[PDB]
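> Got a structure here, written out as structure tokens. Questions coming.
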RNA sequence: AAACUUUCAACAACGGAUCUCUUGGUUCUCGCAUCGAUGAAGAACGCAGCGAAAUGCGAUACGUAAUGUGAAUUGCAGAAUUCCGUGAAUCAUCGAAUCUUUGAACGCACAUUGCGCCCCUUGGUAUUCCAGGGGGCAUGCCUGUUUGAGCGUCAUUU
RNA sequence: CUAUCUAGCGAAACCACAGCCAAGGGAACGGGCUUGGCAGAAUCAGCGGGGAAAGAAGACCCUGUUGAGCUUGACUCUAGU
RNA sequence: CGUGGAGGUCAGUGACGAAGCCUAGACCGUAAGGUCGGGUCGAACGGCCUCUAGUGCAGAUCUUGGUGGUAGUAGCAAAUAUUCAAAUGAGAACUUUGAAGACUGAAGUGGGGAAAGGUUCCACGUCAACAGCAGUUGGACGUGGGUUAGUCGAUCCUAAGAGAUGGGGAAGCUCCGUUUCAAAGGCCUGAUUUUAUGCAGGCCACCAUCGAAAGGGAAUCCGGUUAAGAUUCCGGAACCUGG
RNA sequence: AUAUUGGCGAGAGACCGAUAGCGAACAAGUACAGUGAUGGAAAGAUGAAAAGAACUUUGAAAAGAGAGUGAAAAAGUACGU
Ligand SMILES: [Zn+2]
């Protein structure tokens, strides 16, 4: 019984989609995420998991904001606007 | 294991030493830096002596 | 189109963020027509379609091809 | 230092009719099941991975280095050696070849080249020019694409334009006598550089 | 082609207001046409004119606010600089510059002297 | 004392490590004192602290903190050093006067192990220095 | 499921719009390598995992 | 020999840089040498090719052909000439792609900004 | 004697070795100090005339403003004349904006596109009910403002 | 109903090289070696004598200065009390 | 003897053909090997003196890939069963229509749902692959269409239990605790009609929140309609809730 | 003055040359597996240029045979050797 016929009973979910990271890793009864650790304010990660870290660190996404910071620094966090010569 | 008629060495490498090796490839670089710094300190030091 | 020809209904893709009030209002103003009820559903491609039936003072087919489709 | 080891693989141990190399676990992909770490393994760590802490530089006693450079200088005055090293001095007045200290002061390639030519070096200069070749190996793609012979070595005592003047004629190099390099006097460890000395340089020698 | 930022910057709050609603109607119609014509590129040029206007209407309002706050101690966080979370917290130059009174005296009576060796 | 927070006294290992009960925290109570009020007033900076009372169950400290964004401190010389981002949570890195103590920071033969910073000094004496021309 | 949450249906809709062959004109683009939609999916070959 | 600590003699970065050059530097790379006639007129060796320039082919099987540039097909590093084409088996025409380093310019499309560039280059004047 | 088997060769298969390539890796060295409640890193769903991805973006959605450059883009369609010009561009630069649903994540929740409270404003007869538009309500802490508590405690009205 | 024969479809195990015996000697039970018997293409269905056939570096036994589960007035400790 | 790379040298070989590969063709060497011809090929390569190593395979139940004999072999035999004709098609044991023969036998091989899937639903086109024969057929391929609610659910309630907060432990990640050793609110409306508003009355409160698509619970029915939706659209007839 | 397998900008190598070099030279932390933590590949090369084979003929078609392009088809998007 312990294999094939018992596999047919598999139709409830232990985890759903996590609001925070979007994997199907959000444990319904514990109401927490096995990957990212939501709803804890900190984000789950471990030093024994270099790969998992690499899978999710900064730069693996869009860097909507951050990606623009060093150009900004390169020009001294300028305020104002550019002049226009003429010819 | 101990064999032959040799001196008794005490090479202390029982320890993960490979995680702390410092090979000074920067020997030449740091020198060029040290000088470029000595140069420009003296520069802004007006005619003072360093 | 058949809904226009036979049911006095204008059919629209409409903001996902809309609602039967917000839709009726916009239809009522963009097209200067009166509205009987709005049904809506969320199409399986992720857009919202709105069945807007006009009151009997209006003929949707008329106002369909005023807007300029057929 | 990580290569070959970015896996949680394990031996299956014996009993599975299959070598006991560690194998990558899980499934659903081609790589689950496969030999891991370990130097007969596609994708595993190499044997005795190369380390930076290899000894690169070698020390040589200063007195001996000198001895070497000395010998190499003596050798540039022996025609038969200079010839065997492939310098084309089969003509040329005498040897050591010495040249007025006006050379130190030339400013312009064209005039430097004309100067060298007159003093007998046309032929060696050509050699280099007719010797440019695409490097045989694979270093061709490691910033070492071309190969050419070695021209004359001009030594001076003061630099008033001869260095920049000559820095673009294929094969030729310039040197202050005050310094003077074994890698230049005996290239490939072969004795007998074709050397052109300015007077100035020549008397500075002792 | 469509609108140009500069031609728009000369107009009133309320002309741009109407400009928009016409541009809106514009695209409103083209969508009806996009769907019986086998491709309608004219639309991207009006989709953008819309952006241009909104941009410029918005430029106007910000200046407005910026003006009726000129010289004032508290500006909206909106229109403050931005720089960086850190740099924003750093001492002002004044604050940093602050030297205790005992130090003031010392600095005034014993500064680094210029000098040069030889005789 | 610090009770070794292991499940039933169970230690899983060699006997030298099997202790649960005569075990002592390397940092002092006063440091635990500083560190908690510091977490509570995280907008403040911990300057110092001093003992004021104890019973069998508790030691009591008054902690001194300073407000780094109040203009009386930012304008004061003398103290505005504490506004610098490097003195963020000094009591959590053991830079308050209690921290420097427990941390073994003093001049002399009795502080060899410990005082350029223990961990840092270890790292130094366990580093294999290799020159280009090997000595 | 039938009574399905909006989040799920949303994901379902996106998952359906992605379910098409490669647009043939991409193949005509200059320096184009993409020959076919290699990330393509089927309800009877691979589940969505929600 | 390079001398600058800011230029790289590196084969790799050179190739990357050419192959990923954006339209604007690609303009500069697709420059062409003026004819001798044109070279004496403005005291200048070459210019970034442009559309509506007249041109001679001085290399390769189309040598000697002449014509107007129809487009500078930057994303291809190539230039096409209103008049230099292949006729297919099915009678269809199709542009030939030419590199401007293999052309010589015979009539510049002058233009206020074009002139200014010639001046900026140490070109004649008028 | 075929057929069959085996050996060798030619041509043809199978398979991807070899050689040559290399916008990648790897190691050294030099220069620099800049994430986040002014909402980061990270997640989700969207945005193109014609796109599934990668890349880029946020309902202003493969981008808006600005500055330089000075004619492209290009698979096809298409523009537009703007090509002696405040001006092409899937260009560079970037100082002005936009920046959905989220996330330390902040009204409460969140296997829910679930459920409140407050100010302004617009409709439906409306301070109270409904709907639309805009702006708000986390926690610890500091300095200060206001309003308070305790025979903790002072002085007084009489 | 299979097996069987046909069209279509089409795996796996295993494989040093192979495949007829008697005796001999031989790592003391040979397909090969030595001496003899012999020995004729290509094959089909069956079969279970042999291939000391095939399936997991022997379950039993011993060795190893190799373990683990378990017990106890072995050794050394320990939460607790 | 032979290999990757390095310094030197033959001003070495090469698109008039480098390297590589194939060849019961030739020659040198005891051998490791070297050399040549012919064929194929297309961009680089070699000799000599040195330098340097990630430097030479038959084996490791070696690693990765590729290939055989086995073999057109084992097999493609559970679940009673098929047959005639026409149509269509390049093609029909297998598609569609007709006829026959049978089966599931309402404890169904009927009609709906819950979990789960996620478009598999419907239409048009359509067969390379897939459906271990076939295919014109399909849950497949391509292109489209499609899910309509005050009344059906969620939503509200509370259950086992989960869990913020005053706090107490803990070096700390956090652990305990849920009315708990806490100053824990907000409901009416007068006053005031400077006003819709601050206030004057006043009672009541050991009291977060999450947790049921089968528990509790406000309210809809019949007819008609689509390729595919229907207690949701249409027609008609009602009811509940707030105002 | 010291540290620096992270971040930004650079110059290099007697390093590796697609089973090598990072796991990834490619729509690679992708496809795929697993309830989950995690595990995690394969995969580069027509030609200078698509000139990517008009047209004829056989075939239901895929294709074949001619023709044609090309320096070469002993390069045919199954593509260098
Ligand atoms: Zn998560």
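Note that we place each Cβ from the backbone using ideal geometry, even for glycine, and neighbour counts take in every protein chain shown. A short reminder: the numbers here are calculations on the coordinates, not readings from a lab.
> Using alpha-carbon pairs under 8 Å, 6+ residues apart, how would you state the relative contact order of chain H in percent?
Value for chain H: 26 percent.
> When the helix-only estimate is applied to the protein assembly as shown (DSSP H runs of n ≥ 4, each -39,500 (n - 2.57), divided by the residue count), what is the mean residue ellipticity at 222 nm, nearest 500 deg cm²/dmol?
Mean residue ellipticity, 222 nm, calculated: -8500 deg cm²/dmol.
> May I ask for the distance between the Cα centers of the range H:91-126 and chain B, given as a whole number of Å?
So the two Cα centres are separated by 59 Å.
> Within 10 Å, count the other beta carbons around each residue, average over each peptide in D:118-125, F:40-47, F:14-21, and list them highest first.
The densest-packed peptide leads the list: D:118-125, F:40-47, F:14-21.
> Any idea what angle helix E:13-34 forms with the longest principal axis of chain E, computed on alpha-carbon atoms, 0 to 90 degrees, nearest 10?
For E:13-34 against chain E, the angle is about 50 degrees.
> Count, for each residue of H:112-120, the Cβ atoms from other chains sitting within 10 Å of its Cβ, then give me the mean as a whole number.
0
> Most mobile of D:113, D:169, D:24 per a Gaussian network model of chain D (Cα springs, under 10 Å)?
In the Gaussian network model the winner is D:24.
> What relative contact order, as a whole-number percentage, does the range D:48-127 give when Cα pairs under 8 Å and 6 or more residues apart are counted?
Taking the mean separation of contacting Cα pairs over the length of the range D:48-127, I get 26 percent.
> Using only Cα atoms and rounding to the nearest 10 degrees, what angle (0 to 90) does helix G:6-17 make with the longest principal axis of chain G?
Roughly 20 degrees between the two axes.
> I've got another one for you. Counting only C-alpha contacts under 8 Å and six or more residues apart, can you give the relative contact order of chain D as a whole percent?
Dividing the mean separation by the residue count of chain D yields 20 percent.
> I'd like the mean, over residues of B:13-25, of how many other protein chain beta carbons sit within 10 Å of each residue's own Cβ.
4
> Shifting gears a bit: On C-alpha positions alone, give me the angle between the axis of helix E:42-67 and the longest principal axis of chain E, in degrees, nearest 10.
40 degrees
> Please check: in the Gaussian network model of chain H (C-alpha springs, under 10 Å), which one of H:91, H:43, H:64 has the largest mean-square fluctuation.
Answer for the Gaussian network model of chain H: H:91.
> Of the candidates H:71, H:23, H:31, which one comes out as most mobile in a Gaussian network treatment of chain H with C-alpha springs shorter than 10 Å?
H:23
> Then there is this: Expressed as a whole number of Å, what is the distance separating the alpha-carbon centroids of the range H:1-32 and the range A:3-17?
That distance is 59 Å.
> Quick check on the exposure proxy: order A:33, A:21, F:83 from fewest to most C-beta atoms within 10 angstrom.
A:21, F:83, A:33
> On to the next question. Average partner chain C-beta neighbours within 10 Å, per residue of F:121-132?
The mean count of partner-chain Cβ atoms within 10 Å per residue comes to 5.
> If you don't mind, another one. Using Cα centres only, tell me the gap between the range E:15-71 and chain C in whole Å.
Here the answer is 25 Å between Cα centres.
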